[PDB]
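Input: a single structure, listed below in structure tokens.
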Amino acid sequence: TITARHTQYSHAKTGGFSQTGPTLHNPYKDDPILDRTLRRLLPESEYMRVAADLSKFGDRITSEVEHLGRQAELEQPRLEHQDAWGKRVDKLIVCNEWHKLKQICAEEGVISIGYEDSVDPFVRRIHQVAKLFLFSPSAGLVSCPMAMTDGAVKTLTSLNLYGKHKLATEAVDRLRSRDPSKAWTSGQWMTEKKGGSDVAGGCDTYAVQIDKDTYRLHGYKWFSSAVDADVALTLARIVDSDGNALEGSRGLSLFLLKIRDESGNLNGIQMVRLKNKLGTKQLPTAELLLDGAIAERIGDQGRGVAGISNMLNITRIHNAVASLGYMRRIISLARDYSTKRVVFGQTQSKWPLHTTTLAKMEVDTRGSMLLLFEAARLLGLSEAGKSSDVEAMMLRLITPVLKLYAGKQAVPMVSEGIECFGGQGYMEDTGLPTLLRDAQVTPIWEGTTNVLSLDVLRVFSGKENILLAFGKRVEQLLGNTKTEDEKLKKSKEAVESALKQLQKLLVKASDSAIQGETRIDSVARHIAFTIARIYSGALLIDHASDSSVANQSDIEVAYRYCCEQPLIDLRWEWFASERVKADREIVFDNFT
Amino acid sequence: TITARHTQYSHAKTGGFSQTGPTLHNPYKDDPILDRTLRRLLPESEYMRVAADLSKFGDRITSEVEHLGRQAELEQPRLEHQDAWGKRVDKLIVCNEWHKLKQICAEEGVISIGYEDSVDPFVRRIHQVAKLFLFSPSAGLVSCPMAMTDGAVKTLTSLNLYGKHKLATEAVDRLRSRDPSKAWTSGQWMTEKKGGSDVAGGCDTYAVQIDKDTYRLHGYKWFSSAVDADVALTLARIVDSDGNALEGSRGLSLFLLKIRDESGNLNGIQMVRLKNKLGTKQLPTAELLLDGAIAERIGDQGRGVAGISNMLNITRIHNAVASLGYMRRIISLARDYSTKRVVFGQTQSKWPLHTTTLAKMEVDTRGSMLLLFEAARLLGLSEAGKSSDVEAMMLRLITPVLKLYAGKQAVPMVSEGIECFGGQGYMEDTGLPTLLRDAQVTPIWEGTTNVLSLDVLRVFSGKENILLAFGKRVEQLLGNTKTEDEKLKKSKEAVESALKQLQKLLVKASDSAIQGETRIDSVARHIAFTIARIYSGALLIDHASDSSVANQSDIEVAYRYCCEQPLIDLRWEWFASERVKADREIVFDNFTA
Amino acid sequence: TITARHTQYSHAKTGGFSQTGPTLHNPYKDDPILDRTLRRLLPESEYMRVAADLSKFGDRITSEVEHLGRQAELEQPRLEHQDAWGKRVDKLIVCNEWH
Ligand SMILES: CCCCCCCCCCC(=O)SCCNC(=O)CCNC(=O)[C@H](O)C(C)(C)COP(=O)(O)OP(=O)(O)OC[C@H]1O[C@@H](n2cnc3c(N)ncnc32)[C@H](O)[C@@H]1OP(=O)(O)O
Ligand SMILES: CCCCCCCCCCC(=O)SCCNC(=O)CCNC(=O)[C@H](O)C(C)(C)COP(=O)(O)OP(=O)(O)OC[C@H]1O[C@@H](n2cnc3c(N)ncnc32)[C@H](O)[C@@H]1OP(=O)(O)O
Ligand SMILES: Cc1cc2nc3c(=O)[nH]c(=O)nc-3n(C[C@H](O)[C@H](O)[C@H](O)COP(=O)(O)OP(=O)(O)OC[C@H]3O[C@@H](n4cnc5c(N)ncnc54)[C@H](O)[C@@H]3O)c2cc1C
Ligand SMILES: Cc1cc2nc3c(=O)[nH]c(=O)nc-3n(C[C@H](O)[C@H](O)[C@H](O)COP(=O)(O)OP(=O)(O)OC[C@H]3O[C@@H](n4cnc5c(N)ncnc54)[C@H](O)[C@@H]3O)c2cc1C
């Protein structure tokens, strides 16, 4: 008999402390302003229906969707070119959770709700955009195929193809389907190696006619996301009976195709590789080599850029939803964590420096959230056939302004947000860095900040009616100000003074006399930013001025937004042609 | 015989175009302001020696170091707890290129230059800081152990241990060695699960006396970077003969230890795991369980935090170097790409909106760069015993202001830079996203933005009149303004105005304290940023005013920095305690409690 | 207008041959001696019940189980000692197909 050795088997001791991490609360109920915004925008009976759907979905997010989106990051997509026996197969391997998320989008009507024929288009885009906002930061980038799917439905519908074109009619029905066994998603293959931003210049895919409006496509698609989708829209140059094609925009035609044939093989397509991306790693983005891909021409020949133009309001809107969802999500988690993390003897929530940093993030977020809902409201009105001329013009203006502004807010805000967790915010296993890496896609794809800033200029150039309409919309918003509150009065005076200074600069910039020494393109971003802030400020004031829903937070936020940061940051001397040569000397000093 | 089948074997055709990526040029030669700045700060003689070293190193960066740093990201460190036969070994597997980078740091005197006895201290810190600035964005995060190594040397020499204390003396000699076969690196183990910002409340490591000043450590280190290092400094609570210890800052003492013993075995340490990090993936960062780690107490008992202060400050300057390194790198790469990428029929570089966006990044980067070199200057003067009272105060003030400000500039600026490449900027296999992921460490470690803003306030709280001193420094810089250039006159009046307004605000805040309705802590970041911008502007003006080296871009940059952004953004009402209540109501609206 | 470039986009040609791999047949039906052996060992009555079960299972093997077993090799188990917040959890991660 021996001494027993049970004392020689002992788990490590590590002090017994471990920090509780942030909790994700139902994102409908927890959101500072979503429910109040919906209450103002929708009729009470619709509001009750919408809020009940959204609240229930918010519990699905916490109980199910968040975990699924996390798995889709943990088990990233792979591609196998060949099987084991020497046959080219292009096998895409995607986790089960990616598929489950797609199914959930169908069941929840993330597309459907936007087009439901029995609901007022006004109401349905507001409901839809709200639902998309709850989904996005938990979606594992299923948000991307939802965006392109909504885009596709919009494009095919606007081209008057429904009940006229067989493939387009099946696509619309299936893209809109709530049955997860039948529903489809769409991709959008526009970006090529020579350009993305510039498709008229960069697109080098050719379409050879097979029969009537059926063509075979030959080209190289440089970024093609959601290659597990069912159909795609793309652009190509039709080749004439002489073997020739046209350069530029008027050479481009729009096509619809199925990605895989009846037996699940790729339709004239090879996946050259999957991209290795900073973020959106959940999402399969491939390079595609098209060699004989069978596709149907849709819309008029030479008018493919106009054809895809139908989609820009709604794609721009989904991308802003995503920027805002990451901004809201980091704030939501950071404020929760602030109540559980003790530093210097009390929780972070109690240190005024901490709440000062978060309060400013909340102010800026709220602004752009209202801008988002203004865009949703305008889109719905346009789809109901109920827009005033001012509302139709604000739909064209707001979509690029919203996208670029929220896109440019997103990374610095998320970056600030992760720092609220200290070193933990930098740890991938927390899930927090995903928010930053994924938010960084938002100012880049579907147009960069600067490309969209130029689009804004184009919306209005030179024709002063867009700016006069913007002026009328702001005036409508400020007309409801509760000027008996000194903060809201000051806020309104600040918005008016910014809009007047904007209008004076743009009139002065358009003076025929000074075309030679003026470069409005140079200050495009400044111009777009100033629109965004004036518009968002006027919306915050209106919101705060509605006694039936506003609280004291709403007034203070309107005040801070309007009065504690510049609404306009734009000086006449920045328009000068000479300023450019000085910018170039700054940038290229000692360049080799 | 058959028809031959050569036509049936054929590579894919893919259109024939592909885009040329950006080129990294010699970063000393290609830098907009580094060489001009060294010409001004250094004596003419030292200038030549220093610039030849840096220029040569720049070719080493492009020819060798960059590729090495890239490799260290592609083959990240791994940890194996056990061998195959049931023995716990804690084997850290790091790529050959990580090791090669450390060797190059020794050979190149990235540490040594800062301490070389034959060279004037003011010169050598300028030289050292410039060299670190060239190294940092290609370093594969070898910059991190270089920071900690420099901080360790400073700490150990400041405590007057060199020539007295056995381990500290060996450590100093090895940490400074240019011999890659002998050189050492250090770590710094402060952060624990309960707190990193707050080590007084967070630290739960205990030190049990073995003999005289040698102790056994027992604790859990929650973040320990560069666990391939040879030594580390750490804090622990000394246990008295009754088995008790003191809570709070006053219970902490400083310790120096060897990470591995003479057999290469861990010294009472187990590596629990490696962190899985957003960036700095090149760097091995572990959690450490200390159970009987042998360590030597240094400095006075109870004054560990004060003892470790030189490490915090040196590492905070290195961290600013890294922030600025990422900012300059992205701008260098983006500007080169602009000459090669055609969009809408011409190169990005020809489009005014593209140059407006980059020009602003350049203006902001130059200001922080001059602040960095003013910190290097002030550090050198302090180490030479040549600091005026004002220069000593400005060293203590500038260190956290610089770190936190460049820190907070870095992610938005590198984000803007990656967008210049469009979708390609988001592709990991370009190397560009690394710059963003890595730059994101810089506002977090060695003190968050806010925590350092609070250190700025600790600076004002001792003390002597830090604000007066700051006003004196700014006026030195502004005297010799070339008021004869209209843009520089305007720039000067902008800085004076911002300084006068800050002084005024801070005077009101001291006056109102005892009422109990003022919370200067609430606005600590706004105060810190105003200091950064005032100081940076005045430096830019002084730089542009020097007609011996300044070019036209230097004047235009000073003007834009000073007159086209607010230098001060701070209002009296932000100090009020009633505003905190409003902040909470904004932040916690609908919070699920 | 330009010469079209469709001929410049073209999949690789690799000769046109590839070898067919082996086929897994119903392992009850395809086995050389299993069914003959069960016929001898089991009473005639039990034989029928047992062979129908096994034969049906054999089609389940070829249609379902084989692929599942293959997947369990392609996605091998993993162990995570700690969660992201310093708690020891010993989380075993096994593929859905194992379950
Ligand atoms: C975060 C997760 C979920 C949220 C989002 C998920 C998104 C998935 C990401 C997939 C992609 O990145 S797909 C690749 C997208 N590619 C782009 O976005 C390219 C960006 N470039 C531009 O926007 C350019 O400015 C172009 C393409 C519009 C320039 O084209 P053109 O060179 O043909 O320029 P034009 O000005 O000639 O435009 C041609 C026509 O198109 C019209 N058009 C152009 N833009 C618009 C618009 N926004 N609205 C209405 N119409 C528009 C324009 O009015 C004009 O019509 P007409 O004047 O002939 O009637
Ligand atoms: C990118 C490549 C570039 C390379 C950079 C690589 C970095 C490697 C990463 C490693 C880390 O993150 S290591 C852990 C970093 N941890 C921190 O930075 C700590 C953050 N927290 C603080 O700074 C806090 O303010 C405290 C820890 C220093 C709080 O300490 P206490 O609670 O003891 O606060 P006290 O104010 O009582 O400080 C105690 C004494 O220490 C003094 N002290 C505190 N801070 C300083 C300082 N910065 N300089 C001089 N003295 C200082 C203070 O004046 C005082 O002196 P006396 O009045 O007693 O004489
Ligand atoms: C993760 C990911 C997935 C994607 N998936 C898809 C997809 O499924 N389908 C698809 O079609 N595309 C996709 N894209 C591509 C995306 O739409 C392009 O990256 C984007 O349109 C930018 O184009 P580019 O990459 O060609 O950038 P470029 O145009 O080469 O470079 C952009 C830079 O050039 C500047 N620039 C461009 N034009 C001008 C101008 N006129 N004036 C001043 N500056 C200008 C921009 O401002 C920016 O600084 C994806 C991209 C990413 C990152
Ligand atoms: C890659 C990486 C490597 C690291 N390597 C090392 C290493 O080798 N050695 C080491 O010692 N440390 C290391 N760290 C840790 C680092 O120093 C800490 O993460 C950092 O100091 C923040 O402390 P924390 O993580 O405890 O965050 P916390 O202090 O828990 O939280 C930070 C947040 O709390 C706020 N906060 C804290 N105090 C206050 C206050 N008084 N008032 C208002 N707000 C406050 C901050 O502003 C920020 O918003 C590393 C970190 C990382 C990310």
Side-chain angles (χ1 to χ4, degrees), chain A residues 584-592, chain B residues 23-63 65-66 108-110 113-114 119-120 122-139 317 320-336 358-359 361-380 406 536 539-558 561:
Chain A
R584 284 166 180 163
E585 289 188 11
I586 291 165
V587 177
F588 292 101
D589 192 5
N590 274 330
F591 180 59
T592 48
Chain B
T23 302
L24 178 64
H25 303 287
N26 180 310
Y28 184 73
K29 289 174 185 181
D30 194 67
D31 194 272
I33 60 161
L34 187 51
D35 180 73
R36 288 202 302 287
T37 303
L38 301 181
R39 282 178 182 280
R40 295 186 68 243
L41 298 175
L42 300 173
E44 171 189 66
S45 52
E46 298 287 19
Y47 167 72
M48 290 304 183
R49 177 179 63 78
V50 172
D53 184 63
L54 295 173
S55 190
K56 173 170 170 211
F57 189 55
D59 292 333
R60 196 180 194 165
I61 299 296
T62 59
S63 76
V65 183
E66 174 74 354
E108 294 282 359
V110 162
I113 286 158
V119 179
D120 195 321
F122 130 101
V123 162
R124 79 199 187 210
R125 286 295 198 181
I126 290 164
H127 180 176
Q128 187 204 17
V129 170
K131 204 171 196 172
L132 291 161
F133 173 75
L134 303 179
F135 182 56
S136 198
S138 295
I317 295 187
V321 170
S323 291
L324 287 162
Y326 294 126
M327 296 159 59
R328 169 60 58 220
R329 176 60 64 87
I330 200 64
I331 294 173
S332 185
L333 292 171
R335 80 184 183 168
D336 182 81
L358 286 166
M361 301 163 55
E362 181 68 25
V363 166
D364 285 343
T365 293
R366 291 189 188 196
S368 294
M369 201 83 191
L370 289 199
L371 195 68
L372 170 62
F373 278 95
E374 170 79 349
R377 187 184 73 88
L378 293 164
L379 178 60
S536 294
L539 283 160
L540 282 170
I541 284 158
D542 191 53
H543 184 262
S545 293
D546 180 348
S547 72
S548 78
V549 323
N551 60 35
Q552 187 59 28
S553 90
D554 288 322
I555 292 160
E556 187 61 23
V557 167
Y561 190 99

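So you know, we letter chains A, B, ... as the sequences are listed, proteins then strands, and number each from 1. No hydrogens, no waters, no symmetry mates; every other heavy atom, side chains included, goes into these values.
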Shortest non-hydrogen separation from B/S136 to B/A322 and the atoms involved: OG-CA, 3.4 Å
Test log, rule side-chain contact (heavy atoms from CB on, under 4.5 Å), inputs B/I126 and B/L42: CA-CA 8 Å; B/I126 290 164; B/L42 300 173; 3.9 Å; yes
Working for side-chain contact (heavy atoms from CB on, under 4.5 Å), residues B/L370 and B/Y561: CA-CA 12 Å; B/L370 289 199; B/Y561 190 99; over 6 Å; no
Heavy-atom closest pair, residues B/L358 and B/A334: CD2-CB, 4.2 Å
B/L54 and B/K131, any side-chain heavy atoms less than 4.5 Å apart: yes
Inter-residue atom distance B/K56.NZ - B/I61.CD1, 0.5 Å rounding: 13.0 Å
Set of salt bridge (charged side-chain N to carboxylate O under 4.0 Å, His left out) partners for B/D31, sequence neighbours left out: B/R328
Least distance between heavy atoms, B/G58 atom then B/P27 atom: O-CD, 3.6 Å
Exam field: side chain B/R335 to backbone A/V587, donor-acceptor pair closer than 3.5 Å: yes
With sequence neighbours excluded, residues passing salt bridge (charged side-chain N to carboxylate O under 4.0 Å, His left out) with B/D546: B/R40
Any residue meeting salt bridge (charged side-chain N to carboxylate O under 4.0 Å, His left out) with B/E66, in chain and number order, not counting sequence neighbours: B/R329
Partners passing ring-ring contact (aromatic ring centres under 6.0 Å, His included) against A/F588 (at least two apart in sequence or in another chain): A/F591
Partner residues of A/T592 under the side chain to side chain donor-acceptor pair (under 3.5 Å) criterion, sequence neighbours left out: B/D30
Partner set under salt bridge (charged side-chain N to carboxylate O under 4.0 Å, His left out) for B/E46, not counting sequence neighbours: B/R49
Test item: B/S545 side-chain N/O and B/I541 main-chain N/O as donor-acceptor pair under 3.5 Å: yes
Within-4.5 Å side-chain heavy-atom neighbours: B/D554 and B/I33: yes
For the student: nearest non-hydrogen atoms of B/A550 and B/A544, plus distance: CB-O, 3.2 Å
pair A/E585-B/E556: side-chain heavy atoms closer than 4.5 Å: no
Value rounded to 0.5 Å, distance of CZ in B/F135 from CD in B/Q128: 12.5 Å
B/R124 side chain vs B/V119 backbone, donor-acceptor pair below 3.5 Å: yes
B/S332 side, atom OG; B/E362 side, atom CD - distance, nearest 0.5 Å: 9.5 Å
Whether B/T62 side chain and B/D59 backbone form a donor-acceptor pair below 3.5 Å: yes
Spacing of CE belonging to B/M361 relative to CD1 belonging to B/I331, to within rounding of 0.5 Å: 4.5 Å
Separation of B/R36 CZ from B/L41 CG (nearest 0.5 Å): 13.0 Å
Side-chain heavy-atom pair B/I113, B/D53 within 4.5 angstrom cut-off: yes
Non-hydrogen side-chain atoms of B/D35 and A/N590 separated by less than 4.5 Å: no
Chi angles and distances behind the side-chain contact (heavy atoms from CB on, under 4.5 Å) call for B/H543, B/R366: CA-CA 11 Å; B/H543 184 262; B/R366 291 189 188 196; 5.9 Å; no
B/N26 versus B/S55, closest heavy-atom pair with distance: ND2-O, 3.0 Å
Non-hydrogen atoms of B/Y28 and B/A51 that approach each other most closely: OH-CB, 3.5 Å
From CA spacing to verdict: side-chain contact (heavy atoms from CB on, under 4.5 Å), B/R125, B/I317: CA-CA 11 Å; B/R125 286 295 198 181; B/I317 295 187; over 6 Å; no
Rounded distance [0.5 Å steps], CZ in B/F122 versus CG in B/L378: 10.5 Å
